[PDB]
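What follows is a short report on a single structure.
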Amino acid sequence: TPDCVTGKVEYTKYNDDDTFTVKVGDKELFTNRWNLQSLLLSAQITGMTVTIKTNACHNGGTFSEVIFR
Amino acid sequence: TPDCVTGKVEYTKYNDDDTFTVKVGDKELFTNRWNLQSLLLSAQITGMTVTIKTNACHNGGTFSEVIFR
Amino acid sequence: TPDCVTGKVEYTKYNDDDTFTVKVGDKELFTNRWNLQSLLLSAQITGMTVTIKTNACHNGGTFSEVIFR
Amino acid sequence: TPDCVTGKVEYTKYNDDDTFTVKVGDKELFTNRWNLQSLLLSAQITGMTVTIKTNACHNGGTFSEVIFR
Amino acid sequence: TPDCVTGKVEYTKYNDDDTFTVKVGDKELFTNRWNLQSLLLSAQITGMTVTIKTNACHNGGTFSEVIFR
Ligand SMILES: OC[C@H]1O[C@H](O[C@@H]2[C@H](O)[C@@H](O)[C@H](O[C@H]3[C@H](O)[C@@H](O)[C@H](O)O[C@@H]3CO)O[C@@H]2CO)[C@H](O)[C@@H](O)[C@H]1O
Ligand SMILES: OC[C@H]1O[C@H](O[C@@H]2[C@H](O)[C@@H](O)[C@H](O[C@H]3[C@H](O)[C@@H](O)[C@H](O)O[C@@H]3CO)O[C@@H]2CO)[C@H](O)[C@@H](O)[C@H]1O
Ligand SMILES: OC[C@H]1O[C@H](O[C@@H]2[C@H](O)[C@@H](O)[C@H](O[C@H]3[C@H](O)[C@@H](O)[C@H](O)O[C@@H]3CO)O[C@@H]2CO)[C@H](O)[C@@H](O)[C@H]1O
Ligand SMILES: OC[C@H]1O[C@H](O[C@@H]2[C@H](O)[C@@H](O)[C@H](O[C@H]3[C@H](O)[C@@H](O)[C@H](O)O[C@@H]3CO)O[C@@H]2CO)[C@H](O)[C@@H](O)[C@H]1O
Ligand SMILES: OC[C@H]1O[C@H](O[C@@H]2[C@H](O)[C@@H](O)[C@H](O[C@H]3[C@H](O)[C@@H](O)[C@H](O)O[C@@H]3CO)O[C@@H]2CO)[C@H](O)[C@@H](O)[C@H]1O
Ligand SMILES: OC[C@H]1O[C@H](O[C@@H]2[C@H](O)[C@@H](O)[C@H](O[C@H]3[C@H](O)[C@@H](O)[C@H](O)O[C@@H]3CO)O[C@@H]2CO)[C@H](O)[C@@H](O)[C@H]1O
């Protein structure tokens, strides 16, 4: 899967349909994987750098692959 | 969904019916989304600023959308 | 539901039947809500003040309502 | 249930059958309660003193009761 | 199960199929145990030394046993 964005998590958003939105770099992407919610929030709080991999690399795109550094 | 309140979490409450209550700003709101429980407590502990979006923007109103800044 | 005890969490105990015991103030109370286990341990570790609301306000009594401050 | 060991968590081990092993004092014990996994790791990380209560108080013995202080 | 690698977690990766990848030492290994996801991230954040035991000790190999020191 191609890299989409790398950077710190600016903010996260819990959505009405239980999906989770994240803003990294200049893209706002979302995931339907529930396991990622607490993982992404921890990364936001501790200031980790994440790389999100997805073919839908555009605002509103989905992802399910993340690298925590 | 319109913004309702923005601020730090003053306190949280675990309810008898397994719902979760949060006090942000001047509104006391609750959610039935179990996933939000640990996320909201983490936000409380680390002192994050949260934005709750909901049409039921009044005390005792419900929500399921939260932005963690 | 009436307030029972308020104070820091002195200690927590995981029970053989998967219920969770907590000692706040002078009372030792237990809950069968699994969601409360990690929340209460976090409150103990971070030194939060909790308020437990219950009608069974006596040693060995049950609760399912907690305010985290 | 009788006290078995008291002290800090020296190390923990995730096992192949999804049980969790903990080394407290001079005993290595394990539990099959999934709820205890994150609780025990938190206790290891923060340096809490734990008391494990069990009748099988010997290396390789099982437990399901823990006191966190 | 024989020791494979020992060291700090360089990075973790959430995979498309809900498995979890970890890089320790010079090996990149993955696990299908969901319970290990938050445990491993906590280990990465706090800088613990972990020992991964597995017979599939090579890049892309699987594991389900971890010692958290
Ligand atoms: O991250 C793990 C998981 O996330 C998404 O699944 C969510 C829950 O983890 C999963 O347990 C839940 O399953 C539903 C079933 O769809 C439903 O048929 C059954 O009655 O109730 C359970 C409730 O637990 O579904 C949610 C998402 O809707 C994701 O879909 C899944 O592939 C996996 O990544
Ligand atoms: O945020 C996650 C989830 O929260 C709410 O659902 C809760 C649990 O997450 C969910 O697993 C649970 O599903 C149970 C039902 O309670 C039960 O009545 C049925 O028989 O079995 C399922 C599967 O275990 O439900 C609780 C809420 O009571 C929320 O409702 C849900 O939409 C979702 O946001
Ligand atoms: O605090 C939330 C929850 O705590 C208690 O339920 C426990 C778990 O939280 C819950 O997920 C688990 O659900 C089981 C139930 O045992 C069973 O009734 C159902 O059919 O299957 C699901 C698993 O798929 O149950 C445990 C306790 O057994 C508490 O019982 C519950 O009311 C609620 O407060
Ligand atoms: O942590 C207390 C609990 O530990 C053991 O149960 C484990 C999980 O806690 C429990 O949720 C799980 O049961 C779930 C599984 O997802 C499902 O596959 C099964 O059919 O029932 C529910 C459905 O959601 O089971 C694991 C262990 O396999 C322990 O067995 C249990 O008695 C209790 O002490
Ligand atoms: O680490 C615990 C667990 O990890 C893996 O299981 C995952 C979930 O923990 C488990 O609850 C989930 O079980 C699903 C089944 O896949 C589904 O077919 C059935 O209908 O419902 C249950 C939910 O109650 O499965 C995922 C992995 O797909 C691992 O597989 C398992 O052995 C155990 O280590
Ligand atoms: O080494 C880290 C590696 O972990 C994950 O990959 C795992 C195996 O290493 C990999 O060989 C395996 O590949 C599967 C494909 O997912 C599947 O589409 C194809 O049909 O079969 C191959 C071979 O069995 O996938 C597992 C994970 O399930 C991770 O996905 C990978 O990016 C990398 O981090």
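Starting from 1 in every chain, residues are counted up; chains themselves are A, B, ... following the order of the structure tokens, and ligands are numbered from 1 as listed.
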
Give the residue list for ligand 2 at 12 Å, counting only C-alpha atoms and all ligand atoms, as a ChimeraX atom specification, sorted by chain and then by residue number. /A:14-20,32-35,37-38 /B:16-20,31-39,63-65 /C:34-35

Could you write out that same residue set with N, CA, C and O atoms as a compact mmCIF listing (two decimals), in the first residue's frame?
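And here's again23.txt as it stands now:
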# COMPACT_ATOMS: atom_id res chain seq x y z
N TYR A 14 -14.54 11.32 16.79
CA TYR A 14 -15.39 10.15 16.86
C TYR A 14 -16.67 10.50 16.10
O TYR A 14 -17.31 11.51 16.40
N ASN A 15 -17.02 9.69 15.12
CA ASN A 15 -18.19 9.94 14.27
C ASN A 15 -19.46 9.22 14.73
O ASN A 15 -19.41 8.21 15.45
N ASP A 16 -20.61 9.74 14.29
CA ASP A 16 -21.93 9.18 14.65
C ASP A 16 -22.13 7.71 14.26
O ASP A 16 -22.93 7.01 14.88
N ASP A 17 -21.42 7.26 13.23
CA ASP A 17 -21.52 5.87 12.77
C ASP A 17 -20.41 4.97 13.35
O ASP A 17 -20.14 3.89 12.83
N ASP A 18 -19.77 5.46 14.40
CA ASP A 18 -18.72 4.74 15.12
C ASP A 18 -17.40 4.58 14.37
O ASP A 18 -16.56 3.77 14.76
N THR A 19 -17.23 5.32 13.29
CA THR A 19 -15.95 5.33 12.59
C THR A 19 -15.11 6.42 13.26
O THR A 19 -15.64 7.21 14.04
N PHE A 20 -13.83 6.47 12.95
CA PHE A 20 -12.92 7.38 13.63
C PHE A 20 -12.14 8.16 12.57
O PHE A 20 -11.53 7.58 11.67
N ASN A 32 -12.83 2.52 9.81
CA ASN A 32 -13.93 1.81 10.44
C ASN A 32 -13.41 0.70 11.38
O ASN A 32 -14.20 -0.05 11.94
N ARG A 33 -12.10 0.59 11.52
CA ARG A 33 -11.50 -0.41 12.41
C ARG A 33 -11.52 0.11 13.86
O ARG A 33 -10.80 1.06 14.19
N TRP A 34 -12.35 -0.50 14.70
CA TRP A 34 -12.50 -0.07 16.09
C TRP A 34 -11.23 -0.18 16.93
O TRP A 34 -11.02 0.60 17.85
N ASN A 35 -10.37 -1.14 16.59
CA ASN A 35 -9.11 -1.33 17.31
C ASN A 35 -8.20 -0.11 17.20
O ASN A 35 -7.39 0.14 18.08
N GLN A 37 -8.99 3.10 17.22
CA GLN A 37 -9.43 4.29 17.98
C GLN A 37 -8.54 4.64 19.17
O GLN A 37 -8.01 5.75 19.24
N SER A 38 -8.36 3.70 20.10
CA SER A 38 -7.52 3.96 21.26
C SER A 38 -6.06 4.08 20.86
O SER A 38 -5.32 4.87 21.45
N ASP B 16 -25.83 4.19 35.68
CA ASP B 16 -26.39 2.88 36.01
C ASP B 16 -26.80 2.05 34.80
O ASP B 16 -26.78 0.82 34.87
N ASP B 17 -27.14 2.70 33.69
CA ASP B 17 -27.53 2.00 32.46
C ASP B 17 -26.38 1.86 31.45
O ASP B 17 -26.61 1.63 30.26
N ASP B 18 -25.15 1.98 31.95
CA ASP B 18 -23.91 1.86 31.17
C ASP B 18 -23.65 2.97 30.15
O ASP B 18 -22.82 2.81 29.25
N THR B 19 -24.36 4.08 30.30
CA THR B 19 -24.13 5.26 29.47
C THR B 19 -23.08 6.08 30.20
O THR B 19 -22.78 5.83 31.38
N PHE B 20 -22.52 7.07 29.52
CA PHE B 20 -21.43 7.86 30.09
C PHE B 20 -21.76 9.34 29.99
O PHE B 20 -22.06 9.85 28.90
N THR B 31 -23.53 9.96 26.47
CA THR B 31 -23.46 9.15 25.26
C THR B 31 -23.65 7.67 25.58
O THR B 31 -23.27 7.21 26.67
N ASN B 32 -24.25 6.94 24.64
CA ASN B 32 -24.47 5.51 24.79
C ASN B 32 -23.41 4.69 24.05
O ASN B 32 -23.48 3.46 24.01
N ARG B 33 -22.44 5.38 23.44
CA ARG B 33 -21.35 4.72 22.72
C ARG B 33 -20.29 4.28 23.72
O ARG B 33 -19.58 5.12 24.29
N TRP B 34 -20.18 2.97 23.92
CA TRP B 34 -19.21 2.43 24.86
C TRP B 34 -17.76 2.76 24.50
O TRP B 34 -16.93 2.93 25.39
N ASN B 35 -17.46 2.87 23.21
CA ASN B 35 -16.11 3.20 22.74
C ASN B 35 -15.61 4.54 23.25
O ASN B 35 -14.40 4.74 23.41
N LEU B 36 -16.54 5.47 23.48
CA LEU B 36 -16.18 6.81 23.92
C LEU B 36 -15.77 6.91 25.39
O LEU B 36 -15.11 7.88 25.79
N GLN B 37 -16.10 5.89 26.18
CA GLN B 37 -15.81 5.93 27.62
C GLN B 37 -14.34 6.14 27.98
O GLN B 37 -13.99 7.15 28.59
N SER B 38 -13.47 5.22 27.56
CA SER B 38 -12.04 5.36 27.85
C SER B 38 -11.42 6.55 27.13
O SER B 38 -10.50 7.18 27.65
N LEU B 39 -11.93 6.87 25.95
CA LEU B 39 -11.41 8.01 25.17
C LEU B 39 -11.67 9.32 25.92
O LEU B 39 -10.77 10.16 26.04
N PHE B 63 -25.13 12.79 22.78
CA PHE B 63 -24.14 13.06 21.75
C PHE B 63 -23.42 11.77 21.37
O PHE B 63 -23.47 10.76 22.09
N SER B 64 -22.74 11.80 20.22
CA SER B 64 -21.98 10.67 19.73
C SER B 64 -20.85 11.15 18.83
O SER B 64 -20.15 10.36 18.21
N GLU B 65 -20.70 12.47 18.73
CA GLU B 65 -19.63 13.07 17.94
C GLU B 65 -18.76 13.96 18.80
O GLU B 65 -19.25 14.88 19.45
N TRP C 34 -17.93 -4.49 33.85
CA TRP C 34 -16.56 -4.68 33.38
C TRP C 34 -15.95 -3.39 32.83
O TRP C 34 -14.74 -3.19 32.94
N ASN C 35 -16.78 -2.52 32.27
CA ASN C 35 -16.31 -1.24 31.74
C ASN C 35 -15.62 -0.38 32.80
O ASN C 35 -14.70 0.38 32.49

I'd like to know which residues of region 1-57 of chain D are strand (DSSP E or B) (by DSSP, run on the backbone); could you write them as a PyMOL selection string? chain D and resi 3-14+20-24+27-31+49-53

Which of chain B DSSP labels alpha helix (DSSP H), written as a list in words: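 In chain B, DSSP puts these residues in alpha helix (DSSP H): residues 36, 37, 38, 39, 40, 41, 42, 43, 44, 45 and 46 of chain B.
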
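Using only C-alpha atoms, the protein and nucleic acid residues lying no more than 7 Å from residue 28 (chain D), apart from those fewer than 3 places from it along its own chain, are residues 21, 22, 23, 24, 59 and 60 of chain D.
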